[PDB]
Amino acid sequence: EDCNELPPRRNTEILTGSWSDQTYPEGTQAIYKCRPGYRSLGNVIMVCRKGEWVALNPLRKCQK
Amino acid sequence: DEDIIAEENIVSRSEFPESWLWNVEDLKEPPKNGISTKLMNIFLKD
Amino acid sequence: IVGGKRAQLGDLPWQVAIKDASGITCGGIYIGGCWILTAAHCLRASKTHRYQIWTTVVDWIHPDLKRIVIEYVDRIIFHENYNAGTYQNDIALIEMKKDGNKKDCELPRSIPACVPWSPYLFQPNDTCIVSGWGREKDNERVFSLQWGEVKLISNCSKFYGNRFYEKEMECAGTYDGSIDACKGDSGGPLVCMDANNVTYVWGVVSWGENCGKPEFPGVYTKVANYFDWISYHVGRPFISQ
Amino acid sequence: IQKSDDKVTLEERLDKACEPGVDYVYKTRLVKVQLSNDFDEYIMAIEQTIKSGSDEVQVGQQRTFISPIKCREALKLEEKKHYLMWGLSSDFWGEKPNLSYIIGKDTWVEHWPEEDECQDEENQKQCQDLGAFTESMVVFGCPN
Amino acid sequence: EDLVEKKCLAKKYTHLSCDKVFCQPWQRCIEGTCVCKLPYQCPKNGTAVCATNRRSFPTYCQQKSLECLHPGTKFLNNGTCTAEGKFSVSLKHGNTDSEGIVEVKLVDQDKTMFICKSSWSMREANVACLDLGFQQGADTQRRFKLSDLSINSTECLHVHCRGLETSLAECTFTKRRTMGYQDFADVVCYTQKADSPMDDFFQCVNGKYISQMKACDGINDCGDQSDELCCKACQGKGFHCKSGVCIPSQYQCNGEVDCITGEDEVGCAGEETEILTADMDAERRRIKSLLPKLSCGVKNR
Ligand SMILES: *[C@@H]1O[C@H](CO)[C@@H](O)[C@H](O)[C@H]1NC(C)=O
Ligand SMILES: *[C@@H]1O[C@H](CO)[C@@H](O)[C@H](O)[C@H]1NC(C)=O
Ligand SMILES: *[C@@H]1O[C@H](CO)[C@@H](O)[C@H](O)[C@H]1NC(C)=O
Ligand SMILES: *[C@@H]1O[C@H](CO)[C@@H](O)[C@H](O)[C@H]1NC(C)=O
Ligand SMILES: *[C@@H]1O[C@H](CO)[C@@H](O)[C@H](O)[C@H]1NC(C)=O
Ligand SMILES: *[C@@H]1O[C@H](CO)[C@@H](O)[C@H](O)[C@H]1NC(C)=O
Ligand SMILES: [Ca+2]
Ligand SMILES: [Ca+2]
């Protein structure tokens, strides 16, 4: 909602990149990984398109 | 690939008993017109 | 201890009994080396050679004769600013004597219990366990070791008034539950586990008031306030600062 | 120990003050001397903690060093002066409310010259040895 | 919503208070206050370091401990000392002396380079103003925007600190490319003069004033962890300890106990950049690993 911080640390997911910065421009997608002990249809992708963090895959989540 | 469950996340069915649920239950519940109802939770096989 | 189950060998290793010539009075907790944390009012007897210390006590007037190891008492240490009227500063240390061949106490069964450094380590509504050689109901049932879960309650000045002091004491009791350590299990451990299941000594059984169900919870002298008192005597001990 | 007026080198100070008996090594300044009929008390403020032991320091606070009246004459301790003092852990005396230090049979007591005095050539040798001593003990210590 | 506690504020806890946070490896806990330990008491399993007085110390811990005892002896270079080596940080193109653009002259390289804006945060801000003469760290509410400044070079230094360091020589420094160089590190060191409230004071222990939203967010905006040791719940994405301290988000599953309770590192099942005087922040966590370990409260034998 103001891409000047790291992506929202999900409850049942984990990040995949290095993320050694703090402010990120231009559609910098954040591919989340399914935490061990959880299943999903694929990598949940979050995007920072200028103005806000958004979810690219709403209907996809990591179930037990 | 995309939009599919990974192989390692699929748990194959393996429980194929010809007979099971060889259990013993006692009807200790407060009777209702002499009938004591007992709710029993069981896990179905594969 | 009232409502609780029979302790068996593996459970609560930090429990230590102290037995006089006339039965068993109270009991302390082992925090490593050759030091024991008990209440000051119970052992204020200065007859140190006659005192006995038992570990892995299991179930009394039998035991497992194998690993029922007991150790003698070398030295007593009472809190100086201890008040007998208000039961403030009710804390004491016990130094166990060991033979000259092996230096320090080698106790391979009972596991030491860490010591808190800050009053903010544990908060009310936490699952704590009080265990000792106490009395259910009023029965002289100081034969079997009982343990039960209790919760810390905040602002105890509502129930006891002038007698309670939040800097140096702490209350543990169960809401609507009558499980309350009372009388015979004095000086015992008030043990609570953290997220890592590290075992801490939040308090030791100081005083109380004639058992009394969830009306008047048990009072324990808070250990975290006397962190510098224990550290001064035992030489910057086991736990990481 | 009165070990002075002899060959009081740097190795000697390091060797004596590094013995296992020696628990604490402090540099103190004599604030006030209350002379009494029973004991003598030297209220000193520990300016710097070269080696710490049982007593945990603040710098600014003061501690009283008690000594028998018979010893007053062997080392006239004057106020507003500094000293290098190290001692055993067996020289402790008090619970904590009145914790005093005993200048005992194993207590090293050497006069510490003032900063304007170290520029003088009579205190030159002692000043160089003492400054080095503090540095070596703090950073390097005793080999254990 | 009541995020700040009232009873804790009477004590004004700092990063030296044991009752909220762990001490540093070059410190022990005594009566709830981290006090400097002697240099010989540090563990001896490390690498040599250089201070500002061009004096060599056997390990990193002893240099910080002696700096703790005698303040001012900051850090310089990893390893042995250099004769002409000197570390300098300045502010260029500033309208006053308490603002401008960050420049760093490293002990290694003679060339003075600039800093990216992407790698700049509050952690490196307060440590920057500290060795510049501003005892109260950096200001959070005030930002220095350029006068449409033309920048010629493209070299940048990517910076990462912890927050409690005393100089920017301690932190890791990495050099990076930046096309066009739109990144631009700015800084506004806090200007003192005492005031009166209104204005959502949220007073620090050191005396600096910041906004409401800046406290209890996981960020050390005061410079001595004053807006973080007094929290009932964290504002942003900061994690909350049982004690009442808010830590950053990446402090979970990082290999270091942050809370005094330790609930941040439980259930944890979860790089071409190059060189320049090696990271001392990692050496801090390595020394903590060599602290007195031993059993207590262990289930197994
Ligand atoms: C926690 O404490 C509150 C009051 O502070 C109480 O209402 C609630 O029931 C407690 N919950 C538990 C699980 O003890
Ligand atoms: C806390 O205890 C005091 C007794 O000293 C009592 O007056 C007060 O009502 C208690 N607090 C609450 C929230 O009830
Ligand atoms: C101890 O660990 C176990 C997990 O096996 C679980 O009971 C819990 O996470 C821990 N206990 C407490 C009281 O936190
Ligand atoms: C430091 O690590 C271990 C002890 O932790 C030591 O044996 C080793 O020799 C040291 N490292 C080096 C490079 O000497
Ligand atoms: C610099 O310090 C790091 C960490 O202490 C160490 O790994 C490295 O070997 C050092 N470099 C030199 C040249 O000593
Ligand atoms: C920046 O400086 C370099 C070196 O002086 C020069 O080659 C380059 O043309 C300059 N760029 C601009 C845009 O002036
Ligand atoms: Ca903050
Ligand atoms: Ca952590």
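Another aspect to go through is the coordination of the calcium ion (ligand 8). Residue and element names in this part refer to chain E. The calcium ion (ligand 8) binds to the protein through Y251 (O), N254 (OD1), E256 (O), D258 (OD), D264 (OD) and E265 (OE), with metal-donor distances spanning 2.3 to 2.5 Å. Read in sequence order, the donor residues for the calcium ion (ligand 8) give the motif Y-x2-N-x1-E-x1-D-x5-D-E. Assessed through its relative accessible area of 10%, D258 is described here as buried.

Next up on the list: the site of ligand 3. Residues and elements named next belong to chain C. Taken together, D194, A195 and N197 make up the full set of residues adjacent to ligand 3. At 3.2 Å, a backbone N or O of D194 approaches an oxygen atom of ligand 3. Between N197 and ligand 3, the recorded distance is 2.5 Å, taken from a side-chain N or O atom to an oxygen atom. In isolation ligand 3 offers 360 Å² of accessible surface; the protein chains occlude 30% of this area.

This part covers the interface of chain C and chain E. The interface is formed by 21 residues belonging to chain C together with 22 residues belonging to chain E. Summed over both partners, the interface of chain C with chain E comes to about 1900 Å²; 60% of that surface belongs to carbon and sulfur atoms. Considering only the surface of chain C that becomes buried against chain E, C:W117, C:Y120 and C:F238 emerge as the three largest contributors, covering 30% of it. Summed over the shared surface of chain C and chain E, the number is one salt bridge. With a shortest N-O distance of 2.7 Å, E:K242 and C:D126 are connected by a salt bridge. At the junction of chain C and chain E, the tally comes to six residue pairs in polar contact. Residues of the side of chain C that touches chain E, tallied by class, amount to 11 nonpolar, six polar and four charged.

On to the pattern of salt bridges, then. Residues and elements named next belong to chain C. If you walk through the whole model with that rule in mind, you get 32 salt bridges over all chains. For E95, the salt bridge goes to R75, with nearest N and O atoms at 3.4 Å. A residue pair is termed long-range when its members are at least 10 positions apart, and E95 in strand β8 (residues 92–97) and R75 in strand β7 (residues 70–78) qualify at 20 residues. A relative accessible area of 43% means that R75 is categorised as partly exposed.

Let's shift gears to the state of the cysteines. What the rule picks out here adds up to 24 disulfides over all chains. The side chain of A:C3 participates in a disulfide bridge whose partner is A:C48; the two sulfur atoms lie 2.0 Å from each other. As the torsion about the S-S bond is roughly 120 degrees, the A:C3-A:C48 disulfide counts as right-handed. One end of the pair, A:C3, is in the segment before β1 (13–15); the other, A:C48, is in strand β3 (residues 44–49), with 45 residues separating them in the sequence. A:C48 matches A:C3 in its accessibility class, with the two residues each being buried. The residue that forms a disulfide with C:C114 is E:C296, at a sulfur-sulfur distance of 2.0 Å. The disulfide joining C:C114 to E:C296 has a torsion of about -130 degrees about its S-S bond and is therefore left-handed. With C:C114 in the loop between β8 and β9 (127–132) and E:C296 in the segment after α3 (281–289), the pair connects residues from two separate chains. Each member of the pair C:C114 and E:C296 is classed as buried. The disulfide pattern of chain D is 1-4, 2-3 when the bonded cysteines are numbered in sequence order.

Criteria and thresholds
- Residues numbered from 1 in each chain as written, not as in the entry; some residues may be left out.
- Chains lettered and ligands numbered in written order.
- Part of a larger assembly, values for the part shown.
- Heavy atoms only, no water.
- Residues with missing side-chain atoms left out of burial classes, pairs and counts.
- Donors = N, O, S within 2.8 Å, 3.2 Å for Na, K, Ca; no water.
- Buried < 20%, exposed > 50% of the residue type's maximum accessible area, 1.4 Å probe, protein only.
- Near = heavy atom within 4 Å.
- Polar contact = N/O pair within 3.5 Å; in protein donor to acceptor, adjacent residues only side chain to side chain.
- Areas by Shrake-Rupley, 256 points an atom, 1.4 Å probe, with all protein chains shown as cover.
- Contact = heavy atoms within 4.5 Å.
- Buried area = accessible area lost by both parts, 1.4 Å probe.
- Salt bridge = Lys/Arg side-chain N within 4 Å of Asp/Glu carboxyl O.
- Nonpolar A, V, L, I, M, F, W, Y, C, P; charged D, E, K, R; others polar.
- Helix = DSSP H or I, 4+ residues; strand = E, 2+ residues; numbered from the N terminus.
- Disulfide = S-S within 2.5 Å.

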